[PDB]
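Colleague: Have a look at this one.
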Amino acid sequence: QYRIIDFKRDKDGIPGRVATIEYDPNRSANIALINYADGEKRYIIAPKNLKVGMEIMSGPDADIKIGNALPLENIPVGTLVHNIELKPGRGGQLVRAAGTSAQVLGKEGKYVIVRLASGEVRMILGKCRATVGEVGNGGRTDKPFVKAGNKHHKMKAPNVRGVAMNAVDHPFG
Amino acid sequence: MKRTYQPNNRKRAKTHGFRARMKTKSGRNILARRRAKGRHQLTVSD
RNA sequence: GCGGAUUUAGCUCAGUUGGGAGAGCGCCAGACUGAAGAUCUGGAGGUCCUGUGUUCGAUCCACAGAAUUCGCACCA
RNA sequence: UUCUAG
RNA sequence: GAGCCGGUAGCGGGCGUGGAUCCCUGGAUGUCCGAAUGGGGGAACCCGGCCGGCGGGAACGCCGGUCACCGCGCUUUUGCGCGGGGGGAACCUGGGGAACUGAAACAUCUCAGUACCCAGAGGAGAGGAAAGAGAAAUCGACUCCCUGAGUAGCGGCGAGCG
RNA sequence: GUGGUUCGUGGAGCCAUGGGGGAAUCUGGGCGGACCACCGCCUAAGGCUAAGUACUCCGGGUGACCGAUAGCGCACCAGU
RNA sequence: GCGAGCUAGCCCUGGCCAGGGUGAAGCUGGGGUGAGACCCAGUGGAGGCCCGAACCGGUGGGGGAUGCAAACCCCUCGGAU
RNA sequence: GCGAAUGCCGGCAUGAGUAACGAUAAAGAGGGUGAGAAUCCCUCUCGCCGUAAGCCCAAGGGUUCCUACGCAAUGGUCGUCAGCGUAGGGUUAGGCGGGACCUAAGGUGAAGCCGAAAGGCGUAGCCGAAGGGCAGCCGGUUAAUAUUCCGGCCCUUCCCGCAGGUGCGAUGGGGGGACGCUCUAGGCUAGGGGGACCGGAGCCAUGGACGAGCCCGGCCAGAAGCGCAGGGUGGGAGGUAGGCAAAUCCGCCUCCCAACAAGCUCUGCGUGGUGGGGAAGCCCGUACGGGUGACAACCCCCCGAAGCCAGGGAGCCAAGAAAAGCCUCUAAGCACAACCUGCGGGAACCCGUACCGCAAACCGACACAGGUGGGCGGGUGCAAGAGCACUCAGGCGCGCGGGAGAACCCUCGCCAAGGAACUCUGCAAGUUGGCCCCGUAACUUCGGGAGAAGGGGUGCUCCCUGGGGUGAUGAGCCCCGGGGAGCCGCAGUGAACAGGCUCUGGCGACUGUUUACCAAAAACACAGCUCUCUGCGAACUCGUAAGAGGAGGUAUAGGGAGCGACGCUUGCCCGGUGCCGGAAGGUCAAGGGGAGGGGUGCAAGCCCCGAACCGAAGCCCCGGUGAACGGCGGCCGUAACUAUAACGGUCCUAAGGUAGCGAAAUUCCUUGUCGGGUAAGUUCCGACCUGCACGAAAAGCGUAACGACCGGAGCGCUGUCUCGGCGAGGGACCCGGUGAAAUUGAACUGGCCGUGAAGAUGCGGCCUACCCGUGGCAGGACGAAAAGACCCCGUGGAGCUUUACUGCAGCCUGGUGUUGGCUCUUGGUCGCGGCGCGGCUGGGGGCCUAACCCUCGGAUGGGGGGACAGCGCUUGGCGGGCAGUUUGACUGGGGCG
């Protein structure tokens, strides 16, 4: 419903309980309200799995318990993640419903290796974080916009195209 | 038929009105232009 | 009707001191083989378009003409 | 590599 | 110096040589807008603290005065007391700054440092006692008029600029 | 690397500066047009300075200047 | 310098589509197999979906040409959550 | 010193007493006033609305509104009429709307951030609305106002007092107001309908009936008290590793009461009690009638919302805005005086109202059949419905009236007999048009093509029968069959609104969207594919540097793109070009860096030219590259009794068209040749296929459904046509009233055959030839419109294009700067193939790091990067993205030549 919310933990020792299935319409991410100890909440990432009955978190410590997330430092090798913590705390550093996250495919000193979900590879840094678990996007692909144009229903630009025009109009155009 | 005249108090006013002109460099300009220059009254005055 | 190029021993093609002419694939004779063929052995052969001009001498340098392939024939 | 029918 | 309540000549009423109309200059009022500046805003409207009479408050309580924008100095203390800003036909320097058109094209060039826009000083700014000019060991502030001179000279050495 | 200057890249200086190096306090330090010797001038890298020239909104004067389609367009409940 | 009370857009915020028709996901029940696939029947009510007013339009013909009008009148037509 | 510039300005004639009265929703009659009335006032027939030609709220316009006088001009005629003139007068609110309250976009904007200056952005706070919020309603009352004035009924906020009560006491917090769409239960006013059931004013004329007969109405609003009706939340303790920066609030975990319980916000009764109440109505206009007095009446059943309770419930996906009130509390003061309550007195503003308002008062310059946003929109009939025909309330007759009825244009109605042959074309029109039943083909992505195609039904009468709302159900109402019998007309959706269908082909799939005043299409758009730049502080787009956008997106993503469902399938070539990679080698800018020469120099010196070598991208050179640009051979021979071909011979190219298709909208020789369709068919449609010049990605062959697309054919049907011929309404014509307009030197303007500058009323010869007019018919006056758009000419202009010229924007790039340390290293060089050293100086590899930047993540500290780079200066390069010029003459037309 035209809004944002959470995207980056950094208060820990906190109790992570899988709020609920609030599959969400606004970023290809499907998240559920994450119930913290105090009671303070957050429509959190959609890293598939972690059943309703919440039951997680993270921590400077550890707990690969699927989903969840800590610094690079605190992370296995051969592991699949998201909550792409690029720079030191820059919260998320990639993978948006981009299921196929990154896989600490080898780390090095204040530098941890990452399979570039998108489609390449290089390294991050020290404390830098990132929570494993999948994504959530049920292949959020495909699906037919049949005899109409989902598009429009887009609210998402018919910013339509052209290219053939009659003129000689717009940038590199 | 829809000409182009339908005036809109709110509108026309707003849009044009002592102020504005003022607020502006330009506006201001001509304005004090008109002023002397011509005499008369002015927009909003309208 | 105009502009470019081409008309060489059966066929596709090469040659700007021009002064003395070939290449690959045909055609006849001799070998290999019981036999043809492919393949090794030698030769026979042309107005370098028709008719002229400059020049010692040019078909390769030049001016007309027939036949050849291609372009041009668009504006109202 | 090929070389008709009786 | 003896007539007047403006252009209105008209009705109805009136001031005046114990110096009216009007001519001057210095006044006190100067409602609302406009830099506006207390606050808001489609100008000429609608909103707020302090003082204020106290005011009809017939046995019941309000306008008026006021006040305060913000950038400037700095007696800094908790900052109290001075300047500004908005104008303005034309003219002035700085800041920025163009094609036409000429060259019988047009890229150099010209129109020009013009036209315009901007800022800002003034009643005038501009500028102004020389590391200047030139060469007779000569001259001397800056400015402006004539002259020097359409010369010395700049240049697709062309139009021109000069 | 641009300016202004008569100088449009030129034998091309002075003064002014966009970037980078970054001297001297009187035998110092620019200058008289590449530069160099000698001569001659001047003394910077802060500031103020009325008067002599420019301009008419304003007021006056004067006209081989006009007369209501001329003059400012507008001689009077016109920049309406 | 002047303009989106022209028009093309885009942001914000309300209003508006008379009636009717077609009948997919589903859920209920029944159906030979292990469960099912899957069938059928009921319910059900989607779709830039159909038939059509207002409303949005303005092909196809008619008039009009110093018009009613610097684009309009007439018959006709498309769209119609 | 002026005809004279389609000259400017002013007047003035033309056509011309012809053309027009702004919708073909018509009028006509009697009286009245007046100088004078088709055009005013009263009255009586008549026509048009009626979803409007209704009242209403707005926005816009602002006295246009009323009343008494008046018509000079505006009223396209009059005119005593006016939305025209002068004069006077009219619109009042604690509760309606705007503010004294709130914010999103957006705009402003102290601080902050960047510009040559003007300026740009912009936090918080503020501006900003029919979005949020907020305390009333019905009747009366003037010439006009009214939810404001009357009155009857219903309230709210602030203040002072006292009475009672309780930790009151910020806006900081928390809930909180808060919402999408499509759909639907339960209940109820609005609204409608039957009542012969109640009240009352008169009737019946006519044949008939005084009868459940005709005609009016039988309602509107309300303290709470009160039962149908829902509508929103649960209730205690404790822990509060403690949040929502600070504690009791709410958020989160644990144990008990965890209902149809109790809770708190709209409709019915009602009913306090008020009003209205028509038909009156004795005084009174018995008539511009009604102002105001009987009595009224005051009731039942029926239908029932597309938004009344309500923030419903159910489904769905594209998954639905922020600040007053309520409770928690710090600062803080009350805490015998702070807030809640009760009663009594006291206070309540600023500006808005008239009338118009699907419009002569609003935009179109005009009383112009143009547009302009919301509210039920009365009924009867038709399956329903703001569609339709008639009409209710209220509105109006278009502001020019008579009179003839000729041609002729308009709009409309009809036909035999034929029934498209008319013609480019069934363009038009006419067929057909509504609901029910029966019945439905090729093809299909099985949804559809079906309303397909093709029939048949419908009216009013009586009979017996079955259903769902009807509080049981018993004058009441509805959906409905049923089946039987029967009546009438040419006809029985009787009128009115209402598909012609089919057979085929081509393109584009489809609903679309678009060139406002020609073109709605095969044009774009697409859902869908493929290459593809991009790792964030993205890449591209605006920007002078900030900055926004991007995106609080993050490779199932964001931008660049050529096609444009789906199906089937996209082959061959990287020699040139763009690009991606390479960077060893050539080149080459600024620059370092020295041989050497030169000028002056008595001399130390003092200026230049300077070159060997080191030196950047770029370009050259190697490769990779096609849903990147682009391109994808020629002729001679041969079984072929005749023809490419199965094969063979070759010269050039980067290979040298593949699968599908084919005279297609790419095929001019052509109406190509064969076939079908026909009385013949240069359109079609099938097939060949020597494809003048298809072809896979600006796709290629096909493709259900789909189209106001285009073309081809058949039935059905009709004046489209064989000529039509009749008619109805409207101008045109005659009358009265009004009364333009472009063009025009001027003119009393005949035909001829000849002529002239070669298409003459005006010149020659001749022949007909009285003067004027009106209703017409087009030929000539080279008629009107417009100093040709087609043309060329001006070394005119303006837009797009690429290997045109140049230059800039941006981008890449060497050295240089605020860009600091530490170490690992190889190269040059001159000196003393060499090695040792030496100054020189060049390359480069590293965490760091103190600039710089960024970073943040809750503070100024940490973190990341870091000598980058941003960024400044010079270098060089790409560079049509843009800016400015240019691209000759001849020419027996411009060009090509």
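Protein chains in written order, with the numbering used here: chain Z, 426 to 598; chain E, -8 to 37.
We put the beta carbon where it would ideally sit given N, CA and C, even for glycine.
1. Whose C-alpha, out of Z:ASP594, Z:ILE439, Z:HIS507, is nearest the C-alpha of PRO485 of chain Z?
2. Would you say the stretch 574 to 593 of chain Z touches the stretch 519 to 532 of chain Z, given that touching needs at least three Cβ pairs under 8 Å?
3. Please state whether the Cβ-Cβ distance between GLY503 of chain Z and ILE509 of chain Z is less than 7 Å.
4. What span of residues does the beta strand (DSSP E) with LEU541 of chain Z cover, start to end?
5. Less than 7 Å between the C-beta atoms of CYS553 of chain Z and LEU505 of chain Z, yes or no?
6. Distance check for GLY564 of chain Z and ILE538 of chain Z, CA to CA, integer angstroms please.
7. Determine the DSSP secondary structure at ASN20 of chain E, reduced to helix, strand or coil.
8. Need the endpoints of the alpha helix (DSSP H) that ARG3 of chain E sits in, please.
9. DSSP three-state label for residue 604 of chain Z, please.
10. If you count every other CB in all the chains shown that lies within 10 Å of the CB of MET479 of chain Z, and 16 or more means buried, which is it?
11. Since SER483 of chain Z sits in a beta bridge, which residues does DSSP pair it with?
12. Is DSSP giving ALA527 of chain Z helix, strand or coil here?
13. Going by the DSSP bridge assignment, what does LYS532 of chain Z pair with across the sheet?
14. Need the endpoints of the alpha helix (DSSP H) that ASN474 of chain Z sits in, please.
15. Measure the beta-carbon distance from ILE470 of chain Z to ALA454 of chain Z and round it to whole angstroms, keeping in mind my assumption that it falls under 8 Å.
16. With which residues is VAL506 of chain Z paired in a DSSP beta bridge?
17. If distances are taken between C-alpha atoms only, which option among Z:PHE570, Z:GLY561, Z:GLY574, Z:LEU511 comes closest to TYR448 of chain Z?
18. Express the C-alpha separation of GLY464 of chain Z and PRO501 of chain Z in angstroms, rounding to a whole number.
19. How about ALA494 of chain Z and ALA444 of chain Z: are their beta carbons less than 7 Å apart?
20. Can you check whether the CB of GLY492 of chain Z is closer than 7 Å to the CB of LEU511 of chain Z?
21. Less than 8 Å between the CB atoms is what I'm expecting for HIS507 of chain Z and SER526 of chain Z, so what's the real figure, rounded?
Modeller: Considering the structure as presented:
1. It is Z:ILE439 whose Cα lies nearest to the Cα of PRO485 of chain Z.
2. The stretch 574 to 593 of chain Z, when compared against the stretch 519 to 532 of chain Z, does not touch it at the 8 Å Cβ threshold.
3. no
4. 536 to 541
5. no
6. 26 Å
7. Under the three-state reduction of DSSP, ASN20 of chain E is assigned to helix.
8. 1 to 4
9. Nothing can be reported for residue 604 of chain Z, as the shown portion of chain Z is limited to 426 through 598.
10. buried
11. Z:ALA494
12. Strand.
13. Beta-bridge pairing links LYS532 of chain Z to Z:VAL537.
14. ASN474 of chain Z -> no alpha helix (DSSP H), and no H or E assigned at all.
15. Contact holds; Cβ gap of about 7 Å.
16. Z:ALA527, Z:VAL557
17. Z:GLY561
18. Roughly 30 Å separates the two Cα atoms.
19. Not closer than 7 Å, so no.
20. Against a cut-off of 7 Å, the Cβ pair of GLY492 of chain Z and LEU511 of chain Z comes out as no contact.
21. 4 Å
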